[PDB]
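Note: hydrogens, waters and symmetry copies are ignored here, and every other heavy atom, side chains too, is used. A note on names: the letters A, B, ... follow the listed sequences, proteins ahead of strands, and every chain is numbered from 1.
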Amino acid sequence: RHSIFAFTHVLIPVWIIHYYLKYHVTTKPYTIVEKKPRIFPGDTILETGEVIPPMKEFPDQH
Amino acid sequence: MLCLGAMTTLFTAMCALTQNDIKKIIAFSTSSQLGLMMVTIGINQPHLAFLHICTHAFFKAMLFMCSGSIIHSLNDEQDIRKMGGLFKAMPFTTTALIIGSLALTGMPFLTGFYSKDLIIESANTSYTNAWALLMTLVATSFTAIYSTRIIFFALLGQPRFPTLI
Amino acid sequence: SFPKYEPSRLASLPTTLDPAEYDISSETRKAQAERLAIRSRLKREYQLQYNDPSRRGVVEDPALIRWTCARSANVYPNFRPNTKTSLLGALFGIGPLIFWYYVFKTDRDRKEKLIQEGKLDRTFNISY
Amino acid sequence: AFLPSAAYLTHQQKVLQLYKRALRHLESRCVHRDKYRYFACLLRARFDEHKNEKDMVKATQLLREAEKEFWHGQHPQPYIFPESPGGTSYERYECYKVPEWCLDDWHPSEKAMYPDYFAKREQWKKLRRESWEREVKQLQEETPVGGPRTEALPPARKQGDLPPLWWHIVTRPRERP
Amino acid sequence: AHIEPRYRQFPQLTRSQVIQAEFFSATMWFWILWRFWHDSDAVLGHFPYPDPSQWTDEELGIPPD
Amino acid sequence: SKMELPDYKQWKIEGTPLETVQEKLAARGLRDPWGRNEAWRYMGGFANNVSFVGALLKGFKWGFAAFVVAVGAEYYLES
Amino acid sequence: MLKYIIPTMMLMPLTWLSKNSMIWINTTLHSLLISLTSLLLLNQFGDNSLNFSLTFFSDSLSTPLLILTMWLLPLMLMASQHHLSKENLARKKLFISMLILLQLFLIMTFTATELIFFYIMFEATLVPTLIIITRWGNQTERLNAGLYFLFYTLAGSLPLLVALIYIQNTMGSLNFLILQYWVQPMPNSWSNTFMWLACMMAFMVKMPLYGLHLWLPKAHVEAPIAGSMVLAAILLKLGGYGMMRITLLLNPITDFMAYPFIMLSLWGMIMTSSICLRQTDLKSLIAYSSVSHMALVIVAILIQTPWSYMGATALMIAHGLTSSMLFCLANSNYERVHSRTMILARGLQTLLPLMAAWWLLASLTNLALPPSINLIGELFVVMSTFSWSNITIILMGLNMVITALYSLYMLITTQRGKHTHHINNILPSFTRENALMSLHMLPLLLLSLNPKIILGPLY
Amino acid sequence: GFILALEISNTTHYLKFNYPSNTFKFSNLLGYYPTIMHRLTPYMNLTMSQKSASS
Amino acid sequence: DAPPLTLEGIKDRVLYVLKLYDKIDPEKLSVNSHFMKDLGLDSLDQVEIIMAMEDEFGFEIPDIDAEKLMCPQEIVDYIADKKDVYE
Amino acid sequence: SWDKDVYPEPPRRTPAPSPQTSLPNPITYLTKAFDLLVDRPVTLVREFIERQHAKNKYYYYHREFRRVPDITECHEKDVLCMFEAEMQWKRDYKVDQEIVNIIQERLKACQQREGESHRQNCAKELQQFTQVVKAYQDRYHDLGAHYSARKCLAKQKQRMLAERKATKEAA
Amino acid sequence: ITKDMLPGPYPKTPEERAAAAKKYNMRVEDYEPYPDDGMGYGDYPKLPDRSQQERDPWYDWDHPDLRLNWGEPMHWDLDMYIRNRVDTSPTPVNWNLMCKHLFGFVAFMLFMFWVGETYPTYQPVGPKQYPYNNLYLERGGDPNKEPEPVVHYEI
Amino acid sequence: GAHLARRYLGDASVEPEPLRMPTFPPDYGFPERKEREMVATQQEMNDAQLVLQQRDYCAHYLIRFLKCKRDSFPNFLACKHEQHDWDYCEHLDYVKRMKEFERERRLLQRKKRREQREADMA
Ligand SMILES: CCCCCCCCCCCCCCCCCC(=O)OC[C@H](COP(=O)([O-])OC[C@H](O)COP(=O)([O-])OC[C@H](COC(=O)CCCCCCCCCCCCCCCCC)OC(=O)CCCCCCCCCCCCCCCCC)OC(=O)CCCCCCCCCCCCCCCCC
Ligand SMILES: CCCCCCCCCCCCCCCCCC(=O)OC[C@H](COP(=O)([O-])OCC[N+](C)(C)C)OC(=O)CCCCCCCCCCCCCCCCC
Ligand SMILES: CCCCCCCCCCCCCCCCCC(=O)OC[C@H](COP(=O)(O)OCCN)OC(=O)CCCCCCCCCCCCCCCCC
Ligand SMILES: *C(=O)CCCCCCCCCCCCC
C-alpha cells in the first residue's frame, strides 16, 4: 500500500477496459475500425511475406 | 473565415494596447491569437492552425499563471498602474513572464516561432485577401506592443503598489 | 472649448454636470429635507422590525407587494381600448404572424415546386 | 444628491469631492509616481488659486466649469481599488457572508462540536433580547413627532444600556470569512 | 523559515528562486543561440529566391520577333 | 506579533526623481509635501531597475557562455 | 389495463380506512408499488401495439405517459403533505381521493382504444383538477382561475364531442385500431375545415396554444403544488396525446390547415420565452416556460414527420419531469418565504447548497443540456422543422438562446447574489424536499442512458 | 512593434500631461462595443419582453 | 499570506504616513492631533491625508466617511472597523 | 464474432518492423508489459468465465416470420387481412431501415480504414450506399408520421404512373 | 396588505393624487404617474428611468445588491434595471459619437475586406501541377471512363 | 510584390492572370519540349496514403522521408537529409512555377509588342 493509486485507478481500469474492448467490443463488427497501416516501397508484409518493390531510380538532383 | 479572423485579430489586439487590468490584456491577447488561428484556417492551413493551438496553450496558460502570481502577491491587485519594480522582487515570475511574452511575439526558436511565423510564411505566400493580410501584420506588431506593455508596467520601473510588501 | 455631454436614454446626464443640482434655493432644501424625512421614517419602520429579536420571518415590504400587484393584477382593470392600444396590439400582435406566414409559405411553395420538378437535390435525404 | 444624514451637499463638500475625484483620475492619467506628484501639486495650485472667493455665485460657477473640466479630462478606465465598487475583488466574498441566525438552525450534534462558542453565543442572544425593549422605549422617547428627520441614530443615553438598533451592525459578518 | 513581510523596502529573497530564474533565462538564451546556430534558415531563409528577370529567353522559349 | 516599522527619517528625496520634481515645482513657486512618502519607491533595493533591453537579456550572459562551451564541445567531439 | 385500474381504485379504501397518522405513508407506499408495476406496459413491439381488450390498449406513445402518470402520484403526495399538515382529516382524505381519482381518469384516458371513451375520460379529468385548484389553492384568484381552466377546455371540447360522434356515424366506429385501417382522405372543403378545427381546438387549448394559453398562468399559479405538478406534467400532455391520435383522421387537409397554428406556435415560443425574461412571479415564470416548451410539441405534431413525433413525445416526457421539479423547487421556497416573488429571496446557495444544486440541475435540463432527453426532444423537433422549412432554425435558435436566458436568470435571481437580509426563516432543506427533487431528477437523468422507451410509436 | 512601443513606454516617464484622443478612448472603451450592445440589445428586448409581450 | 492588522500596527502606519508629510512636524504629532484645530491643516490637506491613507492601506474610504476623519485616532478606528481588527 | 461477408474487411497488410535507428522504441516494451500484466490475466478470467458458460449451454433463436399476403391482395376495409399485411409491411420497414444502417456502417468503416485515399478506394461502398439510399427514398420517403402500407402503395402507384407516362411520352 | 395600499386607477382629482403619493410613500411634488393613454399602469408612479448601478454604492442600503431601500417605490422595470442587466450610467464618450465611431469602423473594415477580395494578393508563380491527368482517379474520377490527357512539360 | 502593382496600378492585359494561365500553347517557342516525369508509382503513393496535395511531381522524396521517419522512431531528428531533399525538390517545383509565370509575362509583353508593331505598320 504505497502504489495503491497505480493499482486502483490505473491497473484495474486497464483490466476492465481491456476486457470490455477485447471480448465485447471487437467481437462486434466495425466497432473498432483502425486505419490500415501506411505501406512504403521496401516493406515486407508480416501476414504474407510479400516484399513491396522499391521505387524507380531517382533523377538525382544534388 | 479569413476576413473574420483578420477583423478579430486586429480589433482585439488594438483594444489590448490601452487596457490596465492585466487579465483583460491577456484575454485580448488570446482572442487575438484565436483570430490568427481563424486567419490560418482561412488560408487553407488547418494543420498549422492546430499546431498553433497546441503551441499557444503552453505559453498562454503560463502568462495567466504568472499574472496570477503577481495578483496574489500584490493582495488581489490586477491593475498594472499599481505594479512596477517586479523584475527583481519576483525573479522567477519575471523570467517566466518574459519567456512567455517572447514566445507570444515569436522570438526565434521558442515555441511560438514554430507555428505563428510559419503562419505568416503562409499568409504572405498565398492567394489571400490582401487587406486581411495587412491587418494580420498590423496585429502582429500590436502583439509586441502589448507584450512589452505588460513587461514595462509590471516588471520594469519603480513600484506603485502599497507599502506593506 | 469643451464638448457638452449629451445625455441619452441608455447614458444619462451625470450629477456633476446637471444645473438643477446647483440650486441653492429654499424650496429645494424643503423638498430634500422632506424626502430625507420620508426616507428616514421608512428606514426607521424597516429596522425596528429588522432588528427585532421576536420577529422570525419575512419583513413584508408593501412596496414590493405593491410592485408585483402593479406588474400583474392591475394591468387589465386600468386598460382602456383606444387608438394607440389598438394600433400597438394589432402591430405587435398579428403583424409578425402575417410576416412569418408569408415567409414560410413562400419558402415552402418554392421548395415544393422545386421538389415536384426534380430540381432540389434530395439525394441522400431519407430522414425527415 | 443622496446622503443618509445630510439632506444635500454643501459647496465645500462638492469642492472636496471634486478635488479627490480629480486627483484620482489624474493618478489614473499620470501613472508614474514622481510625474503624478508633480501634476498633483500643479492641480493643488489650481485649486488654491480660487480658494479665497467670497462671492458664492462666482464660486458655484467656477465649481461648475471645473466639473466640466473634469468630465472632459477623465480617464476612461480610472483606477478603482479592488474591494471598492467597480473593482475586481468587490463583493467577492458576499457568498461567504453567511448570516448569524443560521447558527440557530444547526443540529445539536454540530452545535456540540463547539460548546464554548454557543454557550458564549446564548449570552449575546440574552443580552440583545433584554436590551431590545429598553432601546425601543429609548427610540420612541427621543424621536420627534412626525418621525425622525434624519437617519442618525442616538447612542445609549444611560449606563449599562446598549445603543438602539445595534444587533446587525455588531453581528455583521467579517470581510474575509 | 518562510519570508517575513517588510515595510517600504525591498523584500527578502530566497536563493532558490534566484538560481532557478537565472537558470531558465540562461536556458532560454542557450536554446535560442543553439537553434540559431544549427538551423539558421528558419529565420533568414532556406532556399535562394531567384530573380526572374535574370532568366534567358531561350530557356523560357521566347522567339525574338 | 509585533511588526517593527523602520526610521521615517531615512526617506529623503535627495538622489531621487522627487528631487527633480521639487526643482521644477520651485521653478514656478510651489512645494511638494508628499515627497518623503513617495521616497521609498525610488530608493533602497528598488533603486537601479533595469531597462527593457536589459530585461530581455536576463540570462544572456550565462546562456551565451554555455552556448560557447557546447559549440566547442561539439566541434571537439566530431574529431 | 385492469391490473392498473383496480389498484388505483383500491387506493380509495386504502386512503379512507387508514389511521390518521398513516394516510400519507400507506398511499405513498402503494402508489410506489403501482408505479413499479407500471413498467409491465413496456411489452411493446416493432409492428403491433399492446392491445389488451376491446376497451384498452397501449402503444409506445401512451406507455411513457402512463409510467409518468403512475409515477407522479407518490411525488404529489410527498409535495402536498407539508402544507396540508394542519388540514382537517376528512378534507385531507378528500384531497388524496381527488388525486387518486385524477390518476384513475388519466390512466384510462391514455389507454382508451375508442375515441369517445377518450373524450369522456379526457373531460372527466376536469373535475378533480377543478376541485383541487378551487378548494386547496391558496389565494383569492383560484376561483376565477378555475373558471378560466374550465371554460377554455369545455368551449374547445364540446365541438370535439360533435366531431367525434360525426366520425362515429360516418365511419361506423371510433376504435383507433379500426380507424388505422379505415381512414379515408379528408378532402379540401369548408365542411372538412371546421371538421379539422373541431377535432383540433380542444387539444390546442390543452397544450396550450399561444393565444389560447391564458388559462395556464392562472390555473398553474393559483393551484396547490400537487395541482401544478399534475397540470404541467400530465394534463398539458393530454393535448399532445390527443393530437397524435386524431391527426390520423385529418389527412391531407392538415398539410395546409396547420399553417396558421404553426405560426402561432413558432412565434408563440418566441413571445412566451421572452415573457419569462420579465416575470416577477416565479411560478408564473415556470408557467410561461411550459407554454414555450409545449409550442414545440404543437409544431412537431402539425408537421407530422417521424422525427417530429419522436422528438415531441420525448419533449413531453422530459418537460413533464422538468416542469414538475421546477414547481416543486418554487414551492420549496414558497413554504419558507410565503411569497412567490422571485426577487424577494435571493442568494439561497449561501443557505441551501444542495437545494441550489437541485436548482442548477433543473435549470440545466430546462435549457436542454445534452444528453438529457430534454435536449433529445428539442433537437429532434429542430431537425424535423428544419426539414419542414430551412428558415425556422432562426426561430428555433433564437428560442434556444432565450430558453437559456430565463433558465439561468431564474438560477441567478433565486440562488445567487447577496441574500436578503430581513428574511431569517430559511430553514435547512427537509429530507422530504430533497427526496422529491431526487425522485424528479434521477429518473430524468437515467432516461438519457436508454431514451428509446420515451421515443414513441415510431422509433 | 517592440521599438514603437518602447517609444510609447518612454513617453510615459515624461513630465507632460496629455488629453485623451478618440483613438485612445476608442481602444480603452473596448471599441465602444460592450458599451453600446450591452445597453441597447437588452433594452429593445426587455421592454419588448414586458410592454409588448407581457403587458 | 495577508498578515493581520493590529491597532498598534494601524496606529504606527497612520502616524508613519503623517510623519512623512511636510506640513506636520513629527514631535507635535499625536493620535489626537486634530488637523484643523491643532495642526492647522486645510480641508484640502485633510482630503490629501485621507487619500494617503487609501494609498497606504489599499482600500477606498467613501467621502461621507472621509470628511469626518479629523484626527489620527478616528482614522485608525475607521480602519479598525472596516478591517475588523482585534478578533 | 459476426459474419465476415455482410461486414467485409480487406486483408490487413502490416509492414514488418524495419528499425533503422539504434534507440529502442518504448512501444515494444509497453506491448510486452501490456501482454504480461493485462492481456494474460484478462485472458485467464475470460477463459474461466467461458468454462463456466460451457458447463451449461443453452440456445436462443432468430424469430422467423413467414410471409402473409401483402396489402395489394387484401380487400378494401378488411381489417383481418390488411392487419396482417400491415404488420408484415412494418416489419419489412424496420428491416429495410437496418439494411440502410448496415450500408452506412460499411461506408464509414471504409472511409476510416482507407484513411487518406478514401475518395478513390471507397467507390464501390459509395455506389452501394447511393443505390440503397435511392431505393429507400423511392420506397419510404415522405409517407409521414402516420405511414401505412396503404400510404406506401399509393406512393408506389403514383411513382409507377409517373414512370409509365414518362415512358409513353418518350415513344 | 390591504386594498387601499395596492395600486389603483389613474388619479385625476388632486386629493386622489395626494392619496396616491401618500400610498407610494413619496412627495406629491415628486409623484408623477404614467400618462393615462390606457396602457394599464393606473396610479403607478413614473420613476425617473435610471439604473440601479447609478445609485450611491457606499450608502447603507436595505438591499445592497439591488441598491434599494425598504418601502421606497420600485421602478416599473426594476427587474430590468438590476445590475445584472441594463445600465443607463453615463459614459465618457457621447452615445451618438460612440455609435458613429463603431458603425464607421465596422463599415470601413467590411468595405476594405471587399476591396481586398476584389484585388487579392498572390505570388508570381504558375498553377500547382499534379501528375496522372491532374489526379483523375485520386479525386474520385471513375476508371470506366477516360479523361482528357493533362500534360505538363519541363521548364 | 511589385507584380501586384504592375497588374493593378499599371496595365492588366500584359500581366498573366493566375486563375487561368498558361493562355499560350506549351510548344509556342519550344522545339520539342519534354514532359515532366513522375518517379513514384500511383499505386506506391496510394499505399503511402499521401495527401492529395502531396501527390505532386516530387512525392517520391516525401515517401522516402516518411519511411525514414517511421523507421527511426523515437529519434525524430535523424531524417534531416531526406527532409532537405524533399524541400529542395519542392523548391525546384516552385522555381518551375515561377518560370511559367515569367514565360507568360514575357509572352504577354511579346503580344503587346506584336500588336503595337502591327498598329504602327497598318
Ligand atoms: C443504470 C445505472 C446508472 C449508474 C450511473 C449513474 C448515471 C447518472 C445518474 C445521475 C448522476 C448524478 C446524481 C447526483 C446529482 C444530484 C445530487 C447532487 O447534486 O449530489 C451532489 C453530491 C456531492 O456534493 P456535496 O458536496 O455532497 O453537496 C452538493 C453541494 O452542496 C452542491 O453541489 P455542486 O453544485 O457542487 O455539485 C453538482 C454538480 C454540478 O455540475 C453541473 O451541474 C455540471 C453538469 C453539466 C456539465 C457536465 C456534464 C455534461 C454531460 C456529459 C456527461 C454525460 C455523458 C458522458 C459520456 C460521454 C459523452 C457522451 O453536479 C455533479 O457533481 C454531478 C455530476 C454529473 C452530472 C450529470 C449531468 C447533469 C446536467 C443536466 C443534464 C445533462 C444531461 C445528463 C445526462 C446523464 C447521462 C447519464 O453527490 C452525491 O451525494 C451523490 C449521491 C448519489 C447519486 C446517485 C446517482 C444515481 C442514482 C440512480 C439510482 C437508480 C439506479 C442505480 C444506479 C446507482 C449508481 C450509484
Ligand atoms: C377554444 C374556443 C374555440 C373552439 C373552436 C372549436 C372549433 C371551431 C369551429 C367549430 C365549429 C362547430 C363544430 C364543427 C363540427 C364539424 C362536424 C361535421 O360534421 O362537420 C361537417 C359538416 C358538414 O355537414 P354534413 O357533413 O352534415 O353534410 C354532408 C356532407 N356534404 C357537405 C358533402 C353535403 O359541417 C357542418 O354541418 C357545419 C360546420 C360548422 C359549424 C358552425 C357553427 C358553430 C360556430 C362556431 C363555434 C365555435 C366555438 C364556440 C365556442 C367559443 C367560445 C365560447
Ligand atoms: C460569421 C457571422 C458572425 C456574426 C457576429 C454577430 C452576430 C450577433 C450580433 C449581435 C448580437 C449579440 C450581442 C448583443 C447582445 C449582448 C447581450 C449581453 O451580453 O449583455 C451583457 C449585459 C451586461 O454586460 P456588461 O454591462 O458589460 O456587464 C458588466 C457590468 N454590468 O447583460 C445584460 O444586460 C443582461 C441581458 C439579459 C437579457 C438579454 C436580452 C438580449 C437578447 C439578445 C438575443 C440575440 C439573438 C440573436 C440571434 C441571432 C441568430 C443568427
Ligand atoms: C508584392 O509586394 C508581393 C508580396 C505580397 C504582397 C505585399 C505584402 C506586403 C506586406 C509584407 C511585407 C512587409 C515588410 C515589412
Side-chain angles (χ1 to χ4, degrees), chain K residues 86-155, chain L residues 1-9 12 15-30 32-46 48-60 90-105:
Chain K
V86 181
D87 195 4
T88 60
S89 296
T91 62
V93 185
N94 289 315
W95 181 260
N96 293 315
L97 185 62
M98 281 181 176
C99 293
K100 287 181 181 179
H101 284 169
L102 180 61
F103 180 75
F105 183 73
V106 173
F108 177 73
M109 288 298 290
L110 291 173
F111 179 76
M112 292 302 293
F113 285 125
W114 180 66
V115 169
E117 186 68 27
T118 301
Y119 295 102
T121 186
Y122 62 92
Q123 288 301 111
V125 294
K128 183 63 182 294
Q129 298 179 355
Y130 292 99
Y132 294 102
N133 297 317
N134 199 1
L135 297 174
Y136 180 73
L137 297 177
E138 290 83 356
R139 272 74 169 271
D142 49 351
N144 55 4
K145 290 175 70 67
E146 181 179 0
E148 70 273 15
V150 177
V151 178
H152 299 97
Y153 294 97
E154 291 290 330
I155 190 166
Chain L
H3 61 286
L4 275 304
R6 291 188 288 115
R7 185 173 181 265
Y8 292 158
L9 294 174
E15 296 292 329
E17 291 85 5
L19 296 178
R20 51 181 301 276
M21 60 91 75
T23 63
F24 292 95
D27 289 331
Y28 183 72
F30 287 99
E32 291 295 327
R33 186 183 174 191
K34 63 180 74 175
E35 294 178 354
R36 296 185 70 185
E37 294 293 327
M38 185 64 200
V39 178
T41 308
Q42 183 173 2
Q43 184 63 41
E44 283 174 349
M45 65 183 180
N46 193 1
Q49 297 174 359
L50 295 175
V51 186
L52 275 71
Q53 293 179 356
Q54 289 176 352
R55 293 180 182 177
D56 53 354
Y57 289 99
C58 50
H60 55 281
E90 292 291 339
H91 169 69
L92 293 178
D93 197 1
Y94 189 84
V95 167
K96 292 178 178 65
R97 292 175 65 188
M98 289 176 66
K99 288 179 181 179
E100 292 292 326
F101 185 82
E102 181 65 27
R103 182 259 186 90
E104 292 292 319
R105 184 182 71 88

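At a heavy-atom cut-off of under 4.5 Å, chain L is reached by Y119(K), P120(K), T121(K), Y122(K) from residues 115-122 of chain K, listed in order of number. Applying a 4.5 Å heavy-atom cutoff, the residues of residues 91-102 of chain L that approach chain K are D93(L), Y94(L), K96(L), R97(L), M98(L), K99(L), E100(L), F101(L). The contact list for residues 96-113 of chain K toward chain L, using heavy atoms and a distance under 4.5 Å, is empty.
Of the atoms belonging to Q53(L), heavy atoms from both backbone and side chain fall under 4.5 Å from chain K. Proximity to chain K involves both the backbone and the side chain of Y57(L), based on heavy atoms less than 4.5 angstrom apart. With a threshold of 4.5 angstrom between heavy atoms, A40(L) approaches chain K through N, CA, C or O but not through any side-chain atom. Proximity to chain K is limited to the side chain of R103(L), based on heavy atoms less than 4.5 angstrom apart. For chain L, the nearby part of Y132(K) is the side chain; its heavy atoms alone come within less than 4.5 Å. When heavy atoms are compared at a cutoff of 4.5 Å, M21(L) approaches chain K by way of both its backbone and its side chain.
The shortest heavy-atom contact between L52(L) and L135(K) is O-CD1, 3.5 Å. Taking both residues in full, the closest heavy atoms of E35(L) and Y153(K) are given as CG-CE2, 3.6 Å, listed atom of the first, atom of the second, then distance. Shortest non-hydrogen contact noted between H3(L) and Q123(K) is NE2-C, 3.9 Å.
Within the structure, the salt bridge (charged side-chain N to carboxylate O under 4.0 Å, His left out) test picks out the following pairs touching residues 127-137 of chain K (sequence neighbours left out): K128(K)-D56(L).
No other option in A59(L), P18(L), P26(L), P16(L) has as many heavy-atom pairs under 4.5 Å with chain K as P18(L). Most heavy-atom pairs under 4.5 Å with chain K, from the set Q42(L), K34(L), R7(L): that is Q42(L).
Looking at heavy atoms from C-beta onward, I155(K) lies in side-chain contact with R33(L) at the 4.5 angstrom threshold.
Once rounded to the nearest 0.5 Å, the distance linking CD of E138(K) with CZ of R55(L) reads 5.5 Å.
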